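Student:
Chains as they are written, first to last, in PDB author numbering: chain A, 74 to 451, 461 to 522, 529 to 621; chain B, 208 to 436, 439 to 449, 462 to 621; chain C, 208 to 451, 461 to 522, 529 to 621.
(1) Identify each residue in the region 361-379 of chain A for which the Cβ-Cβ distance to at least one residue of chain B is less than 9 angstroms, and report them in chain order.
(2) Which of helix, strand or coil does DSSP assign to residue 465 (chain A)?
(3) Are the beta-carbon atoms of residue 282 (chain C) and residue 317 (chain C) separated by less than 7 angstroms?
(4) Going by DSSP, what residues sit across from residue 492 (chain C) in a beta bridge?
(5) Along chain A, in chain order, which residues have C-beta atoms closer than 7 angstroms to that of residue 592 (chain C)?
(6) What is the C-beta distance between residue 576 (chain A) and residue 556 (chain A), in whole angstroms, given that I count them as a contact (C-beta under 8 angstroms)?
(7) To which residues does DSSP link residue 539 (chain A) through a beta bridge?
(8) DSSP on residue 615 (chain A), reduced to helix/strand/coil?
(9) Assuming residue 418 (chain B) and residue 501 (chain B) are in contact, meaning their beta carbons sit under 8 angstroms apart, how far apart are those beta carbons, in whole angstroms?
(10) On the three-state DSSP scale, how would you describe residue 237 (chain C)?
(11) Whole alpha helix (DSSP H) runs in the region 110-135 of chain A with 4 or more residues, listed along the chain?
(12) Indicate whether residue 392 (chain A) and residue 352 (chain B) have their beta-carbon atoms separated by less than 7 angstroms.
(13) Is residue 258 (chain B) helix, strand or coil when you go by DSSP?
(14) Chain A partners of residue 290 (chain C), CB-CB under 9 angstroms?
(15) Pull out every residue of the region 416-434 of chain B whose Cβ sits closer than 9 angstroms to any Cβ of chain A, in chain order.
(16) Have a look at residue 301 (chain C) and residue 287 (chain A) and give me their C-alpha separation to the nearest angstrom.
(17) When the Cα atoms are used, what is the spatial distance from residue 519 (chain C) to residue 512 (chain C)?
(18) Need the endpoints of the alpha helix (DSSP H) that residue 283 (chain A) sits in, please.
(19) What does residue 321 (chain B) touch in chain C if you count any residue whose Cβ is under 7 angstroms from its own?
(20) State the Cα-Cα distance for the pair residue 113 (chain A) and residue 258 (chain B), rounded to the nearest angstrom.
(21) Is residue 255 (chain A) close to chain B? Criterion is C-beta to C-beta, closer than 7 angstroms.
(22) Distance, Cα to Cα, residue 309 (chain A) vs residue 342 (chain A)?
(23) Can you check which of these residues, C:533, C:551 and C:237, is closest to residue 294 (chain C) by C-alpha distance?
(24) Name, going along the chain, the residues of the region 593-615 of chain A whose beta-carbon falls closer than 7 angstroms to a beta-carbon of chain B.
(25) For residue 482 (chain A) and residue 432 (chain A), which I take to be in contact (beta-carbon distance under 8 angstroms), what is that distance rounded to the nearest angstrom?
(26) Could you tell me which of A:477, A:597, A:505 and A:422 sits nearest to residue 414 (chain A), measuring between CA atoms?
(27) Residue 441 (chain A): which of A:430, A:449 and A:434 sits nearest, CA to CA?
(28) Should residue 256 (chain A) and residue 263 (chain A) be called a contact, given that it needs their Cβ atoms to be closer than 7 angstroms?
(29) Could you tell me if residue 453 (chain B) is buried or exposed, where buried requires 16 or more neighbouring beta carbons within 10 angstroms of its beta carbon?
(30) Can a CB atom of chain B be found closer than 7 angstroms to the CB of residue 482 (chain C)?
(31) DSSP three-state label for residue 448 (chain B), please.
(32) Kindly indicate the opening and closing residues of the beta strand (DSSP E) around residue 440 (chain C).
(33) Distance check for residue 395 (chain C) and residue 210 (chain B), CA to CA, integer angstroms please.
(34) So within the region 302-381 of chain B, which uninterrupted alpha helix (DSSP H) runs reach at least 4 residues, ignoring any that extend past its ends?
(35) Is there contact between the region 319-334 of chain A and the region 318-327 of chain B, where contact requires at least three CB pairs shorter than 8 angstroms?
(36) Between the region 144-159 of chain A and the region 80-93 of chain A, do three or more beta carbon pairs fall short of 8 angstroms?
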């Protein structure tokens, strides 16, 4: 047993597809135009059957496809059960020779009708389109269009061979009552109609079928007798439904949309939005510039990635943004846990050349990491990739001293002020390294950074004491599970038990017992919490 | 009829109508040829017709099946707008009929094309699923990331695709009377055996099963965020610091204790979750005062294996005591007006005769305050303290 | 015009334009045959024409009515793109006109198909109904619902198929303020005729019409069962119902009001006899409205009388107890110092100056527990300070 993915059996399937195309396009030709398949084609007829014969026994080696949803069962009894119950009888009958049998039973025309069973193997070509339709590299709607064209052009080929057969089913003495026997083009007569250099006998028949299939209509070639009118009615009626089916799938391809159609809709809203607000002409040149930027070089296609869950998208950000961040001088030696908390909350933006991101004296509200392109700071400096700018303003609360100018098309990762400080506060140890690395006003910033981390420990103690003083149980609850130690004292020294015992708040006293806060803590006065009660 | 494909039954209906109008037009077109005398056969579409070799000299006694196919052959060629010119109208009465039939077929012919295009454009449910996949796959190769996360992305959207049968259904159209009966046959077994509602009133559980809203969450999704402020029930599967067994409710302590959930809930596998609105639970529990007290009583008893309940025991013990004291407050109110009907129900539903309110009072004091002997012996037979002392030193014998 | 569909009107306009251009092109085409001398009529499309036996030789005195039809017959065949070849252009000036007429009609022909598709793509009643049944059948199969219930859900969906209903998900765009007036226009006349609301105030009744819902029930269905707890109140507006046969329900009546008031389980089974239109009201909404209209609440109980004595006594006892109960709730909030808890029951509750059954102003409890903050709030309401309980004590005596 072999699974249908061996990459060698799969190459065998692509080899039998050539025979399927050949034997499906040649069976109508042999049935209609030929009356015995002369010996020039003897080898090809025999070779075609043995190629399909080795496949009729190799089908048992294939295991299975699926039982209910997905189950490849490799069992001899299971594999053969589906084969003999679905299409084995037809496959065997089609591979059995019929040309030699026709000539071995005298000349019986009724035995040549069995030769049309070979038309079933064209279904193998159709299954190829279905298999290729599930492929994601090529659009499936476009594949469905090609399938309908092949079917329509194959039925035209089959109808041309059948139509010529209806002309040969009358005696040669009555050839004047056939569509081709009585035909007369410009100078040609088509008198004998049976020795007309077949290659110019098939084109005439095919020329009739293509004109009828496209519903053009000339009248130079048309049905005359009763048995050719009936076939024309069923071929025309069948093609009318098939013709309207192609148009339906052609519309569905267009109705999906395009880049130009989506871009044109966005500009309609932006132009309407800017007109009603009377925006300046300079700003209108920037908003319209960014929309054309995303027109070509297709963007992330927003409103689609939002279906992705945040948990999965969290891993996506690490795969993409991590290599660029690690190279910045600011984050040299930082812990991996701290850096990972930054990659999750980053956003990607593009800026055209000549644009301005920051102005001199402006308050910085975002932190930008340069990942692509080049920027020039105003010329007093040049910004290279794997760098960050604006970090001076956001740390020392200094207004931005320099203007950053975009020099070439650049990709920039931005971080908000609120998100940055929340991450920085938790990683207190990492925060000290950032200030130290930035040094390598500098002394004042370094002193402030060391003073900022020193004051925050004392400030949280005051917040807890204030909440305990006013008896707000819920206010102090948030700063206990994710805040500081309630046992600590402020600058003067004031345990929450002292204030609670001074104001006679019995309820808050119970909670402090649960935290096992020490009772005999003394301030810089010699007093005890029991002394206030 | 849902069992029959809609595209199939629209083609057949339109084909039958178009093939029937063609059949009728063929019979009418031959009639216009017989309205002229036999001497003027040469001015008819069929009397002046000569195919390959046949003459159609008289177009009478011509073996009607031979005389009908040629008329039908002309009609179906113009129906499909092919056009041959071997058969065509010659005189006025056939030209006029041809104009009113060709123009009629043009409107009907364009109606078939416009009817089949609309059904092709309006694709099936599975058709729109594959369209969304192409955008994700195309974006996936734009970055060329790893293979481990590709399986999670494909599995996530497929899981919600197959579980969206209850997602925004049309059940709101059904009257609530029918819809209430549906909920009592689906969710009732699960809400009956959850340990939280053990020993609860039958009427209470009927008012809580109606408001359920089932939901399916893919594995790895965040049901709730840690440190953030809807009751949830589990039916099958496992939930994730801790693992939630089936038939166990989480988030009950958060609502009751007014504390945000400290752990983020992440789905370990494909599980069915029934959600109840947080505001709905508070409003529902308010009506059933007797049943609500038994809820946290069962929650308090659970402080044996779970560690979260043990460290929250003090706060929980306050709520039950506060609610129990409120029950005693109503007990004295009922005895004040001497309506013995309410006294029996309250004392039977866990009420105690030796229950004191905040201000030291007891039902015995209210019983003898108004001189109601009917309730006096009821508490005496209930083994109550005759000499119960209040804050102000007013014994039941004193104020009487 | 809104009476007739605009897409269908647009279809008729295109047909008129196409059939008018065909008429104009037929008159122009014959003009191109008369712009040549009579001696050269053999080079024209009609001069050289020869049908079955007719010759069209002179073609200039040919009984015009049979000269226009043969020219219109050419134009209609070309317009529909059929093509016969019996009539066709021959000279140079008729080929050029045929090229511009055929090319112009090709664009116009494809324009008709586009508008024909847009008419179909809008949808239909059958198409929308078929989509709903697909979800319901899928929903019921996965939950393994009983065969009896499946007969009811499918019945209501088919009920709204014909006699088109409100077609919900479109009226939601209407603002609630406007929709409030719509309810008073429709549901108000039906409510006023019920015996229960005889003599009720217009303000009370208006608060009921706003929060009603519309439902339909097929014959043979059951709304209430014996011994069941009633959770909805129904007003009969159309059809006839039979209560089980012990009674018959007529329009402009209400049933189930006994259960919702005395907390008694439903004693009778209500069965639908004919197609009925029913307005329903929830239990929670009904009680909230009734509590505010205390005066109207007494009238409803009195009108219902005309177990009855017990229900009447309970109704009079229910309105008596609620005044005392709200006093206890305020005192409990003041005892535990929950400022926000008592805030909600002051602006939309009872008078804080009132006392409970024993008599205890909230100032007494506040002064007993030493809650300074709550004391400021009571000053804002100007609550009397010298209120005494049935003990001789004062609020200052507890402090």
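Where a beta carbon is used, it is the ideal one built from N, C-alpha and C, also for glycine.
Tutor: On the basis of the supplied data:
(1) 371, 373, 374, 377 and 378
(2) For the purposes of this step, residue 465 (chain A) is taken as residue 383 along the first chain, with counting starting at 1. Of the three classes helix, strand and coil, the one that applies to residue 465 (chain A) here is strand, per DSSP.
(3) The count along the third chain starts at 1 and reaches residue 282 (chain C) at position 75. The count along the third chain starts at 1 and reaches residue 317 (chain C) at position 110. Not in contact: residue 282 (chain C) and residue 317 (chain C) (Cβ atoms no closer than 7 angstroms).
(4) As a first step, residue 492 (chain C) is located in the third chain; it is residue number 276 there, counting from the start. Paired residues: C:424.
(5) Along the third chain, read from residue 1 onward, the residue named residue 592 (chain C) stands at position 370. Chain A residues near residue 592 (chain C): 592.
(6) Numbered from its first residue, the first chain carries residue 576 (chain A) at position 488. Numbered from its first residue, the first chain carries residue 556 (chain A) at position 468. About 13 angstroms; that fails the 8 angstroms criterion.
(7) Locating residue 539 (chain A) in the first chain gives position 451, where the first residue counts as 1. In the DSSP output, where bridge partners are listed per residue, residue 539 (chain A) has none listed.
(8) Your numbering for residue 615 (chain A) matches position 527 in the first chain. Coil.
(9) Reading the second chain from its first residue, position 211 is the one you call residue 418 (chain B). Reading the second chain from its first residue, position 280 is the one you call residue 501 (chain B). Confirmed, about 5 angstroms.
(10) Here residue 237 (chain C) refers to the residue found at position 30 when the third chain is read from its first residue. Residue state, collapsed to three classes: helix.
(11) 115-131
(12) Sequence index remark: in the first chain, residue 392 (chain A) carries index 319 (1-based). Sequence index remark: in the second chain, residue 352 (chain B) carries index 145 (1-based). Contact check for residue 392 (chain A) against residue 352 (chain B) passes: the beta carbons are separated by less than 7 angstroms.
(13) For the purposes of this step, residue 258 (chain B) is taken as residue 51 along the second chain, with counting starting at 1. In the structure shown, residue 258 (chain B) sits in coil (DSSP, three-state: anything other than H, G, I, E or B).
(14) Residue numbering aside, residue 290 (chain C) sits at position 83 when the third chain is read from its first letter. Neighbours of residue 290 (chain C) on chain A, chain order: 289, 290, 291 and 292.
(15) 425, 427, 428, 429 and 434
(16) By 1-based counting over the third chain, the position of residue 301 (chain C) is 94. By 1-based counting over the first chain, the position of residue 287 (chain A) is 214. So the two alpha carbons sit approximately 26 angstroms from each other.
(17) Mapped onto the third chain, residue 519 (chain C) falls at position 303. Mapped onto the third chain, residue 512 (chain C) falls at position 296. Their Cα atoms are separated by approximately 11 angstroms.
(18) Position 210 of the first chain holds residue 283 (chain A). Unbroken alpha helix (DSSP H) run through residue 283 (chain A): 272-286.
(19) Locating residue 321 (chain B) in the second chain gives position 114, counting from the first residue. Those are 320, 323, 324 and 327, listed as they occur along chain C.
(20) In the first chain, residue 113 (chain A) corresponds to position 40, counting from 1. In the second chain, residue 258 (chain B) corresponds to position 51, counting from 1. The alpha-carbon of residue 113 (chain A) is positioned some 39 angstroms away from that of residue 258 (chain B).
(21) Indexing the first chain from 1 puts residue 255 (chain A) at position 182. Residue contact with chain B for residue 255 (chain A): present (Cβ-Cβ distance below 7 angstroms to some residue of chain B).
(22) If you number the first chain from 1, residue 309 (chain A) lands on position 236. If you number the first chain from 1, residue 342 (chain A) lands on position 269. Cα to Cα, the separation comes out at about 49 angstroms.
(23) Position 87 of the third chain holds residue 294 (chain C). When only C-alpha atoms are compared, the closest one is C:237.
(24) 598 and 602
(25) For the purposes of this step, residue 482 (chain A) is taken as the residue at position 400 of the first chain. For the purposes of this step, residue 432 (chain A) is taken as the residue at position 359 of the first chain. Indeed, because the Cβ distance is near 7 angstroms, the residues count as touching under 8 angstroms.
(26) In the first chain, the residue the question calls residue 414 (chain A) occupies position 341. Among A:477, A:597, A:505 and A:422, the Cα nearest to that of residue 414 (chain A) is on A:505.
(27) As a working note, residue 441 (chain A) is residue 368 in the first chain. Nearest of A:430, A:449 and A:434 to residue 441 (chain A), Cα basis: A:430.
(28) Sequence index remark: in the first chain, residue 256 (chain A) carries index 183 (1-based). Sequence index remark: in the first chain, residue 263 (chain A) carries index 190 (1-based). It is a contact, given that the beta carbons lie within the stated cut-off.
(29) Note on chain B: numbering goes from 449 to 462 directly, and residue 453 (chain B) within that interval has no coordinates.
(30) Against the third chain, residue 482 (chain C) aligns to sequence position 266. With 7 angstroms as the cut-off, residue 482 (chain C) does not count as an interface residue toward chain B.
(31) In the second chain, counting from the first residue as 1, residue 448 (chain B) sits at position 239. Residue 448 (chain B) carries a strand assignment under DSSP once its states are collapsed to helix, strand and coil.
(32) Here the question's residue 440 (chain C) lines up with position 233 in the third chain. Taken as a continuous stretch (DSSP letters only), the beta strand (DSSP E) holding residue 440 (chain C) covers 439-443.
(33) As a first step, residue 210 (chain B) must be located in the second chain, where it is residue number 3. As a first step, residue 395 (chain C) must be located in the third chain, where it is residue number 188. So the alpha carbons of these two residues sit roughly 44 angstroms apart.
(34) 332-350 and 355-369
(35) yes
(36) They do not touch, by the three-pair rule.
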